[PDB]
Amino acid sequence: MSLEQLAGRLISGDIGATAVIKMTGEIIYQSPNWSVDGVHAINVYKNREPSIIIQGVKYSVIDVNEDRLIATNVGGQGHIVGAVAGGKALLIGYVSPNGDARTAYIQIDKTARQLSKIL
(Lines of atoms letter the chains of each structure in order from A and count residues from 1; the text may use other names and numbers.)
(Lines give C-alpha, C1' and ligand atoms only; values in the text may rest on other atoms or scores of the structure.)
Protein backbone atom coordinates (compact mmCIF):
# COMPACT_ATOMS: atom_id res chain seq x y z
CA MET A 1 0.00 0.00 0.00
CA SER A 2 0.92 3.72 -0.24
CA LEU A 3 3.57 5.76 1.60
CA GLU A 4 0.90 7.93 3.31
CA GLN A 5 -1.04 4.83 4.39
CA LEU A 6 1.96 3.00 5.93
CA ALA A 7 3.30 6.06 7.80
CA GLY A 8 -0.20 7.30 8.72
CA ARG A 9 -1.40 3.94 10.13
CA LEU A 10 1.47 4.06 12.69
CA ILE A 11 -0.40 6.89 14.45
CA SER A 12 -2.11 4.84 17.15
CA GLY A 13 -1.58 4.23 20.87
CA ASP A 14 1.60 5.99 22.06
CA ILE A 15 2.71 7.12 18.56
CA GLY A 16 1.35 10.62 17.82
CA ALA A 17 3.08 11.73 14.59
CA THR A 18 5.30 10.34 11.83
CA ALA A 19 7.67 11.55 9.11
CA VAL A 20 9.48 9.76 6.26
CA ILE A 21 12.76 11.50 5.42
CA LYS A 22 15.08 10.66 2.50
CA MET A 23 18.83 10.54 3.21
CA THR A 24 19.08 13.89 1.36
CA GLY A 25 16.81 15.53 3.98
CA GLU A 26 13.75 15.65 1.69
CA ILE A 27 10.47 14.86 3.50
CA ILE A 28 8.51 12.37 1.36
CA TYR A 29 5.58 12.44 3.78
CA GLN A 30 4.75 13.58 7.29
CA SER A 31 1.53 13.49 9.28
CA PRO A 32 -0.20 16.87 9.13
CA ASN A 33 -0.13 17.54 12.92
CA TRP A 34 3.60 18.46 12.84
CA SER A 35 6.37 19.82 10.62
CA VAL A 36 9.89 18.38 10.89
CA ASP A 37 13.16 19.94 9.69
CA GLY A 38 14.24 17.03 7.49
CA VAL A 39 17.82 18.20 6.91
CA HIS A 40 18.33 18.72 10.65
CA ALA A 41 16.77 15.33 11.51
CA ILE A 42 18.79 13.34 8.93
CA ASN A 43 22.06 15.02 10.06
CA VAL A 44 21.37 14.08 13.71
CA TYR A 45 21.02 10.48 12.50
CA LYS A 46 24.01 10.50 10.08
CA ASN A 47 26.43 12.37 12.38
CA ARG A 48 25.16 10.86 15.69
CA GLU A 49 24.49 14.30 17.19
CA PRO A 50 23.66 14.69 20.92
CA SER A 51 20.18 16.24 20.45
CA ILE A 52 17.34 16.67 17.95
CA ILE A 53 15.03 19.71 18.01
CA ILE A 54 11.55 19.40 16.52
CA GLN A 55 9.24 22.44 16.81
CA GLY A 56 11.12 24.07 19.68
CA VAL A 57 11.36 20.88 21.79
CA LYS A 58 14.86 19.51 22.49
CA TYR A 59 15.06 15.71 22.59
CA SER A 60 18.31 14.37 24.06
CA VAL A 61 19.77 11.57 21.91
CA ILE A 62 20.20 8.52 24.19
CA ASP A 63 20.75 5.85 21.50
CA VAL A 64 21.83 6.32 17.89
CA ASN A 65 23.36 4.06 15.23
CA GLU A 66 22.88 2.97 11.59
CA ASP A 67 19.50 1.31 12.31
CA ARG A 68 18.01 3.23 15.26
CA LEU A 69 17.48 6.66 16.84
CA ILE A 70 16.07 7.11 20.37
CA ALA A 71 15.76 10.63 21.78
CA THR A 72 13.89 11.83 24.86
CA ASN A 73 12.93 15.25 26.13
CA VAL A 74 14.36 15.20 29.67
CA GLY A 75 11.64 17.62 30.87
CA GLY A 76 8.93 15.05 30.03
CA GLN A 77 7.59 16.20 26.62
CA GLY A 78 8.04 12.81 24.86
CA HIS A 79 10.36 10.86 22.59
CA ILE A 80 11.51 10.77 18.99
CA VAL A 81 12.07 7.21 17.72
CA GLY A 82 13.66 6.48 14.34
CA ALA A 83 14.24 3.42 12.17
CA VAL A 84 15.77 3.15 8.69
CA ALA A 85 14.03 1.79 5.59
CA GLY A 86 16.72 -0.21 3.74
CA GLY A 87 19.26 2.62 3.90
CA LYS A 88 16.98 4.82 1.74
CA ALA A 89 14.94 6.80 4.29
CA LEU A 90 14.64 7.59 8.00
CA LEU A 91 11.19 6.94 9.47
CA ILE A 92 10.67 8.90 12.70
CA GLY A 93 7.77 8.85 15.14
CA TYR A 94 6.80 11.07 18.05
CA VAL A 95 6.06 8.94 21.14
CA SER A 96 4.09 10.13 24.20
CA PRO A 97 6.25 10.52 27.36
CA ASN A 98 4.46 7.63 29.13
CA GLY A 99 5.00 5.37 26.06
CA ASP A 100 8.03 3.04 25.96
CA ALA A 101 10.35 4.07 23.14
CA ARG A 102 11.58 0.44 22.93
CA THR A 103 8.23 -1.02 21.89
CA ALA A 104 7.60 2.02 19.66
CA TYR A 105 10.94 1.28 17.95
CA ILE A 106 9.82 -2.31 17.27
CA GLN A 107 6.65 -1.04 15.54
CA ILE A 108 8.48 1.77 13.67
CA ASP A 109 11.22 -0.64 12.50
CA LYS A 110 8.54 -3.09 11.29
CA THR A 111 6.96 -0.28 9.23
CA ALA A 112 10.40 0.87 7.99
CA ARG A 113 11.02 -2.69 6.70
CA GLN A 114 7.71 -2.48 4.77
CA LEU A 115 8.54 1.04 3.48
CA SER A 116 11.86 -0.23 2.07
CA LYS A 117 9.97 -2.30 -0.53
CA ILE A 118 8.05 0.73 -1.97
CA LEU A 119 11.03 3.18 -1.97
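From 1 onward, residues are counted along the sequence shown.
On average, are the C-alpha B-factors higher in 23-31 or in 58-66? Averaged over C-alpha atoms, the B-factors run higher in 23-31.
Mind pulling up the entry and telling me whether 7-15 or 98-106 has the higher mean Cα temperature factor? Here the higher of the two C-alpha B-factor means belongs to 7-15.
So where's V44 on the chain's Cα temperature factor ranking, which third? Middle third - that is where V44 ends up once the chain's C-alpha B-factors are sorted.
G86's Cα B-factor: lowest, middle or highest third of the chain? For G86, whose C-alpha B-factor we compare with every modelled residue in the chain, the answer is the highest third.
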